[PDB]
>>> print(open('my_file.cif').read())   # mmCIF, C-alpha atoms and all ligand atoms
data_my_file
loop_
_atom_site.group_PDB
_atom_site.id
_atom_site.type_symbol
_atom_site.label_atom_id
_atom_site.label_comp_id
_atom_site.auth_asym_id
_atom_site.auth_seq_id
_atom_site.Cartn_x
_atom_site.Cartn_y
_atom_site.Cartn_z
ATOM 1 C CA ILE A 7 135.844 -40.798 -216.780
ATOM 2 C CA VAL A 8 134.430 -40.358 -213.236
ATOM 3 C CA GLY A 9 131.106 -41.976 -212.335
ATOM 4 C CA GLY A 10 130.784 -43.924 -215.599
ATOM 5 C CA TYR A 11 130.503 -47.546 -216.597
ATOM 6 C CA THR A 12 132.717 -50.001 -218.504
ATOM 7 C CA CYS A 13 131.796 -49.611 -222.204
ATOM 8 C CA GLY A 14 132.373 -53.169 -223.232
ATOM 9 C CA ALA A 15 135.049 -54.202 -225.746
ATOM 10 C CA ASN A 16 134.737 -52.472 -229.110
ATOM 11 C CA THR A 17 131.320 -51.037 -228.440
ATOM 12 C CA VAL A 18 132.724 -47.524 -229.230
ATOM 13 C CA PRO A 19 134.475 -48.378 -232.530
ATOM 14 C CA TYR A 20 135.518 -44.844 -233.522
ATOM 15 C CA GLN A 21 137.404 -44.346 -230.207
ATOM 16 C CA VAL A 22 141.187 -44.080 -230.623
ATOM 17 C CA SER A 23 144.032 -43.973 -228.122
ATOM 18 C CA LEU A 24 146.956 -41.655 -228.934
ATOM 19 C CA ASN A 25 150.176 -43.287 -227.816
ATOM 20 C CA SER A 26 153.719 -41.899 -227.456
ATOM 21 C CA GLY A 27 155.020 -44.921 -225.514
ATOM 22 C CA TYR A 28 151.969 -44.623 -223.230
ATOM 23 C CA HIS A 29 148.289 -43.566 -223.690
ATOM 24 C CA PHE A 30 148.139 -39.753 -223.329
ATOM 25 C CA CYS A 31 144.910 -38.618 -225.127
ATOM 26 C CA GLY A 32 141.830 -40.020 -226.766
ATOM 27 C CA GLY A 33 140.647 -39.231 -230.251
ATOM 28 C CA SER A 34 138.016 -40.059 -232.901
ATOM 29 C CA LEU A 35 138.293 -41.767 -236.223
ATOM 30 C CA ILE A 36 136.375 -39.664 -238.806
ATOM 31 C CA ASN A 37 137.389 -41.656 -241.872
ATOM 32 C CA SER A 38 139.940 -44.447 -242.641
ATOM 33 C CA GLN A 39 142.921 -42.074 -242.696
ATOM 34 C CA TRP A 40 141.985 -39.196 -240.381
ATOM 35 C CA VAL A 41 141.590 -38.764 -236.635
ATOM 36 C CA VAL A 42 140.324 -35.684 -234.826
ATOM 37 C CA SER A 43 141.513 -34.846 -231.297
ATOM 38 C CA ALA A 44 142.180 -31.824 -229.006
ATOM 39 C CA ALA A 45 144.947 -29.382 -230.129
ATOM 40 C CA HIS A 46 146.245 -29.429 -226.460
ATOM 41 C CA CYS A 47 147.013 -33.155 -227.110
ATOM 42 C CA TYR A 48 149.555 -32.166 -229.854
ATOM 43 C CA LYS A 49 152.793 -34.059 -229.683
ATOM 44 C CA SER A 50 155.469 -35.230 -232.205
ATOM 45 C CA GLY A 51 155.850 -39.021 -232.743
ATOM 46 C CA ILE A 52 152.201 -40.051 -232.252
ATOM 47 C CA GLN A 53 151.097 -43.609 -232.870
ATOM 48 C CA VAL A 54 147.360 -44.044 -233.270
ATOM 49 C CA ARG A 55 145.925 -47.128 -231.623
ATOM 50 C CA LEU A 56 142.599 -48.281 -233.061
ATOM 51 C CA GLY A 57 140.383 -51.200 -231.982
ATOM 52 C CA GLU A 58 141.426 -50.873 -228.313
ATOM 53 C CA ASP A 59 139.634 -51.953 -225.209
ATOM 54 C CA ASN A 60 142.376 -52.923 -222.736
ATOM 55 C CA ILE A 61 145.234 -50.559 -223.670
ATOM 56 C CA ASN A 62 147.769 -52.647 -221.711
ATOM 57 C CA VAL A 63 146.755 -55.978 -223.410
ATOM 58 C CA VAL A 64 146.879 -57.071 -227.019
ATOM 59 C CA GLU A 65 143.488 -58.672 -227.324
ATOM 60 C CA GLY A 66 143.300 -59.150 -231.070
ATOM 61 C CA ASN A 67 141.309 -56.227 -232.596
ATOM 62 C CA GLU A 68 143.998 -53.563 -232.561
ATOM 63 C CA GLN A 69 145.471 -51.585 -235.449
ATOM 64 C CA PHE A 70 148.547 -49.480 -234.538
ATOM 65 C CA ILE A 71 149.164 -46.912 -237.247
ATOM 66 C CA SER A 72 151.678 -44.121 -236.955
ATOM 67 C CA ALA A 73 150.687 -40.508 -237.696
ATOM 68 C CA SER A 74 152.212 -38.881 -240.814
ATOM 69 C CA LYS A 75 150.963 -35.337 -240.307
ATOM 70 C CA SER A 76 149.211 -33.392 -237.547
ATOM 71 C CA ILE A 77 147.377 -30.129 -238.169
ATOM 72 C CA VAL A 78 146.503 -27.927 -235.185
ATOM 73 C CA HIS A 79 143.607 -25.490 -235.745
ATOM 74 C CA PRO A 80 145.144 -22.257 -237.126
ATOM 75 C CA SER A 81 143.555 -20.193 -234.304
ATOM 76 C CA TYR A 82 144.180 -22.476 -231.388
ATOM 77 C CA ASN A 83 144.869 -20.490 -228.237
ATOM 78 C CA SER A 84 146.490 -22.616 -225.532
ATOM 79 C CA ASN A 85 145.798 -20.066 -222.785
ATOM 80 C CA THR A 86 142.037 -19.857 -223.302
ATOM 81 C CA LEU A 87 141.718 -23.278 -225.005
ATOM 82 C CA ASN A 88 139.631 -21.587 -227.715
ATOM 83 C CA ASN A 89 139.578 -23.726 -230.893
ATOM 84 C CA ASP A 90 140.973 -26.814 -229.142
ATOM 85 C CA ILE A 91 140.912 -29.123 -232.097
ATOM 86 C CA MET A 92 143.437 -30.849 -234.286
ATOM 87 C CA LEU A 93 143.538 -33.360 -237.097
ATOM 88 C CA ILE A 94 145.909 -36.318 -237.427
ATOM 89 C CA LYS A 95 146.509 -38.115 -240.718
ATOM 90 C CA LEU A 96 147.515 -41.777 -240.553
ATOM 91 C CA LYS A 97 150.527 -43.067 -242.595
ATOM 92 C CA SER A 98 148.252 -45.699 -244.116
ATOM 93 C CA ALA A 99 144.484 -46.179 -244.099
ATOM 94 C CA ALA A 100 142.812 -48.070 -241.306
ATOM 95 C CA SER A 101 140.999 -51.323 -242.153
ATOM 96 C CA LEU A 102 137.361 -50.599 -241.319
ATOM 97 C CA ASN A 103 135.036 -53.237 -239.784
ATOM 98 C CA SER A 104 132.298 -53.691 -236.999
ATOM 99 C CA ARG A 105 134.884 -52.961 -234.383
ATOM 100 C CA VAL A 106 136.883 -50.248 -236.117
ATOM 101 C CA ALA A 107 134.573 -47.722 -237.638
ATOM 102 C CA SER A 108 134.540 -43.997 -238.380
ATOM 103 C CA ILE A 109 132.137 -41.548 -236.749
ATOM 104 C CA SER A 110 130.103 -39.033 -238.760
ATOM 105 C CA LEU A 111 130.615 -35.360 -238.550
ATOM 106 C CA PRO A 112 127.557 -33.290 -237.698
ATOM 107 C CA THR A 113 125.470 -31.232 -240.142
ATOM 108 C CA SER A 114 123.691 -29.523 -237.217
ATOM 109 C CA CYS A 115 124.883 -28.289 -233.852
ATOM 110 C CA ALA A 116 123.386 -30.321 -230.992
ATOM 111 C CA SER A 117 121.007 -28.451 -228.629
ATOM 112 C CA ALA A 118 121.015 -28.228 -224.815
ATOM 113 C CA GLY A 119 119.059 -31.154 -223.327
ATOM 114 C CA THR A 120 120.543 -33.653 -225.887
ATOM 115 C CA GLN A 121 121.899 -36.803 -224.230
ATOM 116 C CA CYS A 122 125.385 -37.846 -225.300
ATOM 117 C CA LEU A 123 128.085 -40.529 -224.890
ATOM 118 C CA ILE A 124 131.472 -39.508 -223.619
ATOM 119 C CA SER A 125 134.248 -42.157 -223.510
ATOM 120 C CA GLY A 126 137.887 -42.578 -222.571
ATOM 121 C CA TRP A 127 140.656 -44.211 -220.594
ATOM 122 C CA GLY A 128 141.244 -41.210 -218.249
ATOM 123 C CA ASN A 129 141.131 -40.959 -214.468
ATOM 124 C CA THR A 130 138.090 -42.439 -212.660
ATOM 125 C CA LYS A 131 138.520 -40.558 -209.362
ATOM 126 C CA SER A 132 137.573 -36.904 -208.631
ATOM 127 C CA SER A 133 139.976 -36.870 -205.717
ATOM 128 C CA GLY A 134 143.231 -38.786 -206.293
ATOM 129 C CA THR A 135 144.064 -41.305 -209.067
ATOM 130 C CA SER A 136 143.108 -44.502 -210.683
ATOM 131 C CA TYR A 137 143.540 -45.088 -214.315
ATOM 132 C CA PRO A 138 141.470 -47.839 -215.935
ATOM 133 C CA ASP A 139 142.948 -50.102 -218.510
ATOM 134 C CA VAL A 140 139.625 -50.706 -220.303
ATOM 135 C CA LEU A 141 137.395 -48.082 -221.940
ATOM 136 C CA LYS A 142 134.927 -46.182 -219.762
ATOM 137 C CA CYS A 143 131.645 -44.681 -220.934
ATOM 138 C CA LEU A 144 129.460 -41.863 -219.612
ATOM 139 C CA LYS A 145 126.068 -40.668 -220.783
ATOM 140 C CA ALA A 146 125.627 -36.932 -220.114
ATOM 141 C CA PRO A 147 123.394 -34.144 -221.388
ATOM 142 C CA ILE A 148 124.500 -31.031 -223.175
ATOM 143 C CA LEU A 149 123.939 -28.117 -220.761
ATOM 144 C CA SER A 150 122.358 -24.746 -221.655
ATOM 145 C CA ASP A 151 124.806 -22.035 -222.713
ATOM 146 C CA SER A 152 123.628 -19.847 -219.833
ATOM 147 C CA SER A 153 124.333 -22.468 -217.145
ATOM 148 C CA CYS A 154 127.692 -23.124 -218.836
ATOM 149 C CA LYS A 155 128.632 -19.383 -218.732
ATOM 150 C CA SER A 156 127.396 -19.187 -215.125
ATOM 151 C CA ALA A 157 129.660 -22.094 -214.140
ATOM 152 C CA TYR A 158 132.686 -20.594 -215.949
ATOM 153 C CA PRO A 159 132.287 -16.796 -215.922
ATOM 154 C CA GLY A 160 134.239 -15.111 -218.734
ATOM 155 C CA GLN A 161 135.769 -18.373 -220.073
ATOM 156 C CA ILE A 162 133.148 -19.860 -222.405
ATOM 157 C CA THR A 163 133.437 -18.959 -226.101
ATOM 158 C CA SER A 164 131.022 -19.884 -228.888
ATOM 159 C CA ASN A 165 133.377 -22.774 -229.785
ATOM 160 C CA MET A 166 132.669 -24.484 -226.480
ATOM 161 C CA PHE A 167 129.828 -26.223 -224.779
ATOM 162 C CA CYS A 168 129.338 -27.690 -221.332
ATOM 163 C CA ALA A 169 128.076 -31.185 -220.852
ATOM 164 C CA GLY A 170 127.465 -33.122 -217.689
ATOM 165 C CA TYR A 171 125.914 -32.568 -214.287
ATOM 166 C CA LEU A 172 125.890 -29.356 -212.201
ATOM 167 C CA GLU A 173 125.941 -31.329 -208.997
ATOM 168 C CA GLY A 174 129.107 -33.266 -209.896
ATOM 169 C CA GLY A 175 129.994 -36.963 -209.351
ATOM 170 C CA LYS A 176 129.972 -37.757 -213.107
ATOM 171 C CA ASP A 177 132.413 -36.180 -215.615
ATOM 172 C CA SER A 178 135.298 -36.695 -218.029
ATOM 173 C CA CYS A 179 138.765 -36.322 -216.464
ATOM 174 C CA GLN A 180 142.527 -36.234 -217.156
ATOM 175 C CA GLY A 181 143.527 -38.657 -219.852
ATOM 176 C CA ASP A 182 140.053 -38.402 -221.490
ATOM 177 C CA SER A 183 141.305 -35.284 -223.431
ATOM 178 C CA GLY A 184 140.782 -35.323 -227.206
ATOM 179 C CA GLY A 185 138.121 -38.047 -226.886
ATOM 180 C CA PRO A 186 134.655 -38.080 -228.372
ATOM 181 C CA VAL A 187 131.284 -36.625 -227.341
ATOM 182 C CA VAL A 188 128.828 -38.370 -229.654
ATOM 183 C CA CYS A 189 125.173 -37.319 -229.696
ATOM 184 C CA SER A 190 122.683 -39.151 -231.867
ATOM 185 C CA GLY A 191 125.387 -40.955 -233.858
ATOM 186 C CA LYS A 192 127.338 -37.740 -234.698
ATOM 187 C CA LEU A 193 130.554 -36.383 -233.236
ATOM 188 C CA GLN A 194 129.439 -33.178 -231.450
ATOM 189 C CA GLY A 195 132.269 -32.521 -229.001
ATOM 190 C CA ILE A 196 135.892 -33.135 -228.099
ATOM 191 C CA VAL A 197 136.918 -33.518 -224.407
ATOM 192 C CA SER A 198 138.699 -30.255 -223.832
ATOM 193 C CA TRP A 199 138.871 -28.849 -220.305
ATOM 194 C CA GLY A 200 137.244 -28.100 -216.957
ATOM 195 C CA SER A 201 137.953 -27.195 -213.405
ATOM 196 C CA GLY A 202 139.125 -30.487 -211.831
ATOM 197 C CA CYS A 203 136.764 -33.463 -212.442
ATOM 198 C CA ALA A 204 133.221 -34.281 -211.312
ATOM 199 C CA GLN A 205 133.036 -31.238 -209.000
ATOM 200 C CA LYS A 206 129.818 -29.406 -208.074
ATOM 201 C CA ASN A 207 128.990 -26.661 -210.557
ATOM 202 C CA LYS A 208 132.154 -27.349 -212.571
ATOM 203 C CA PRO A 209 130.938 -29.498 -215.534
ATOM 204 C CA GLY A 210 133.153 -30.661 -218.429
ATOM 205 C CA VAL A 211 133.834 -28.192 -221.252
ATOM 206 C CA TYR A 212 133.954 -29.490 -224.796
ATOM 207 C CA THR A 213 135.071 -28.211 -228.179
ATOM 208 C CA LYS A 214 131.961 -27.599 -230.337
ATOM 209 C CA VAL A 215 132.749 -29.683 -233.458
ATOM 210 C CA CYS A 216 129.821 -28.347 -235.563
ATOM 211 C CA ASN A 217 131.628 -25.030 -235.839
ATOM 212 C CA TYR A 218 134.618 -26.765 -237.475
ATOM 213 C CA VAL A 219 133.039 -28.981 -240.094
ATOM 214 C CA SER A 220 134.049 -27.010 -243.156
ATOM 215 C CA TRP A 221 137.654 -26.439 -241.861
ATOM 216 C CA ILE A 222 137.839 -30.250 -241.350
ATOM 217 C CA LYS A 223 136.486 -31.082 -244.797
ATOM 218 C CA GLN A 224 138.679 -28.480 -246.571
ATOM 219 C CA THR A 225 141.758 -29.643 -244.742
ATOM 220 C CA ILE A 226 141.259 -33.392 -245.456
ATOM 221 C CA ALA A 227 140.438 -32.549 -249.146
ATOM 222 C CA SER A 228 143.838 -30.929 -249.467
ATOM 223 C CA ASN A 229 146.228 -33.050 -247.333
HETATM 224 N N1 LIG A 301 135.583 -30.951 -215.222
HETATM 225 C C1 LIG A 301 135.847 -31.140 -216.636
HETATM 226 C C2 LIG A 301 136.396 -32.488 -217.038
HETATM 227 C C3 LIG A 301 137.856 -32.464 -217.418
HETATM 228 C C4 LIG A 301 138.815 -32.039 -216.504
HETATM 229 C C5 LIG A 301 140.157 -32.055 -216.851
HETATM 230 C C6 LIG A 301 140.542 -32.490 -218.117
HETATM 231 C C7 LIG A 301 139.582 -32.908 -219.029
HETATM 232 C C8 LIG A 301 138.238 -32.893 -218.678
HETATM 233 CA CA CA A 302 144.671 -53.757 -226.410
#
>>> encode(input="my_file.cif", output="structure tokens")
Amino acid sequence: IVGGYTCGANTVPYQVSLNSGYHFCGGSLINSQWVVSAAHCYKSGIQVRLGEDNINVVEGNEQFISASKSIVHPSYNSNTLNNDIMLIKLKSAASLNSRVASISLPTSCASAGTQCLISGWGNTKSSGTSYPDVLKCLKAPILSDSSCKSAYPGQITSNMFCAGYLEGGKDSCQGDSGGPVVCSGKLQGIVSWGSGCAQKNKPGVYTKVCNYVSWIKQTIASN
């Protein structure tokens, strides 16, 4: 996250870190046994780390549960990043409390103008690199579909939205991938892609979760 603030320990209780010996992607807990992330975060041998604030320090609220199955969206295209969403099932169910909690799926798509919370452990510089160890938070509005398509001519599908600031300085960034965009207490987006980070007229692009709600529900009902 570039241009954000420190969230505070366990103030984003649905936030997960996907670990393969190191943090590589964020994710969101949608119930005690299922995590949703970006399909471009797919990897074998994922351990899901819940209850994290400092990802380099065991602070006491963590639950490290290995993944038993990962399901990438059947129409994920890695060249266009259309349908950049995947589900991860935990080997055992997470123990849910004030600090580890699932986030609700949407019943409505969020509109342009809606303010949202984006969070992650990704890079905090738009030029060069500095990775935080504690979770960073950013409040950003969903942008109109027409300013999104004007920023990324020919690349925005109906399964994407833009969120952020057209004049840059504030954005999600590398390592924030797969993480949550929560608007009014519902998961509306997944950190998916963009052109660099926090650049003028290059806002973050996010997977539009409301389009995927019945694939998610069907898939967890059957796996
Ligand atoms: N400018 C969009 C933000 C972004 C950039 C790279 C990876 C994930 C998110
Ligand atoms: Ca920790």
>>> residues_around(input="my_file.cif", residues="segment 157-168 of chain A", least_positions_apart="4", cutoff="7 Å", atoms="all atoms listed in the file", output="short mmCIF file (atom, residue, chain, number, x, y, z; two decimals) with C-alpha atoms, in the frame of the given file")
data_model
loop_
_atom_site.label_atom_id
_atom_site.label_comp_id
_atom_site.auth_asym_id
_atom_site.auth_seq_id
_atom_site.Cartn_x
_atom_site.Cartn_y
_atom_site.Cartn_z
CA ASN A 88 139.63 -21.59 -227.72
CA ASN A 89 139.58 -23.73 -230.89
CA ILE A 148 124.50 -31.03 -223.18
CA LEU A 149 123.94 -28.12 -220.76
CA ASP A 151 124.81 -22.04 -222.71
CA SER A 153 124.33 -22.47 -217.14
CA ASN A 207 128.99 -26.66 -210.56
CA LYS A 208 132.15 -27.35 -212.57
CA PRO A 209 130.94 -29.50 -215.53
CA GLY A 210 133.15 -30.66 -218.43
CA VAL A 211 133.83 -28.19 -221.25
CA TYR A 212 133.95 -29.49 -224.80
CA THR A 213 135.07 -28.21 -228.18
CA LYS A 214 131.96 -27.60 -230.34
CA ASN A 217 131.63 -25.03 -235.84
#
>>> atom_distance(input="my_file.cif", atom1="atom CA of residue 179 of chain A", atom2="atom CA of residue 73 of chain A")
24.7 Å
>>> resolve_selection(input="my_file.cif", expression="the PyMOL selection byres (((chain A and resi 115-129) around 7) and not hetatm)", output="NGL selection string")
:A and (7-8 or 32 or 112-114 or 130-131 or 135-150 or 179-182 or 185-189 or 194 or 216)
>>> closest_residue(input="my_file.cif", among="A:224, A:62, A:183, A:85", to="residue 33 of chain A", atoms="only C-alpha atoms")
A:183
>>> axis_aligned_box(input="my_file.cif", around="segment 180-186 of chain A", padding_each_side="4 Å", output="AutoDock Vina command-line options")
--center_x 139.1 --center_y -37.0 --center_z -222.8 --size_x 16.9 --size_y 11.4 --size_z 19.2
>>> atom_distance(input="my_file.cif", atom1="atom CA of residue 177 of chain A", atom2="atom CA of residue 133 of chain A")
12.5 Å
